Structures are given as structure tokens and as C-alpha cells.
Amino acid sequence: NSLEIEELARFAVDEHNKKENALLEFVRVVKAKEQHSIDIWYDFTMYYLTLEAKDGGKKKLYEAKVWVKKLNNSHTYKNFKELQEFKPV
């Protein structure tokens, strides 16, 4: 339903690679789920993504959790994006 699923997935792969000194190549998202929290000011969303990535050639699945703080009264700046979990399956 989100129009930033593929983007958040790439962010996940990137952030994993960054943190874990890896070089996974993002292929695509196979499953996505949302946990949307409308708060008094910001919106917070936990994204649960199952993505395909290539690990020095071979295609593997990874489940990623991405945490997103986003505002609907002023663009960016106090927005935020964070990989919480990223594990092979």
C-alpha cells in the first residue's frame, strides 16, 4: 500500500552493508507489512519487509524491520528512518 516500499528496502540493504561491511545487491520486495502509529504530532511506522538480495552472486531472502518517523505539518528535517532488524531466511 505504501509508495516507498522498494525505497525503504534499498535503505535496509544499504544500512546492512554499511554496518556489516557487506555488499548485498537489492533485487526486489516479495512481502511488505506496515504497523502505522498516528501520534499527537508525528506519524511512526514499523515496516516489515521480506526482500530478495544477492550475496556475492547467490539470491537470498532477508526479513527487515524499518522504523520511520514522518511529519504531516512540515516537510522533512524532523523525519527519520532506522533499520532495526535484518536477518536472512
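Residue indices: 1-based, along the sequence shown.
- Ranked by C-alpha B-factor against the other modelled residues of its chain, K69 falls in the middle third.
- In this PDB entry, the Cα temperature factor of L23 sits in the top third of its chain's modelled residues, the highest group.
- Residue-level temperature factors show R10 in the lowest third of its chain, judged at the C-alpha atom.
- Compared with the other modelled residues of the chain, the Cα B-factor recorded for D39 ranks in the lowest third.
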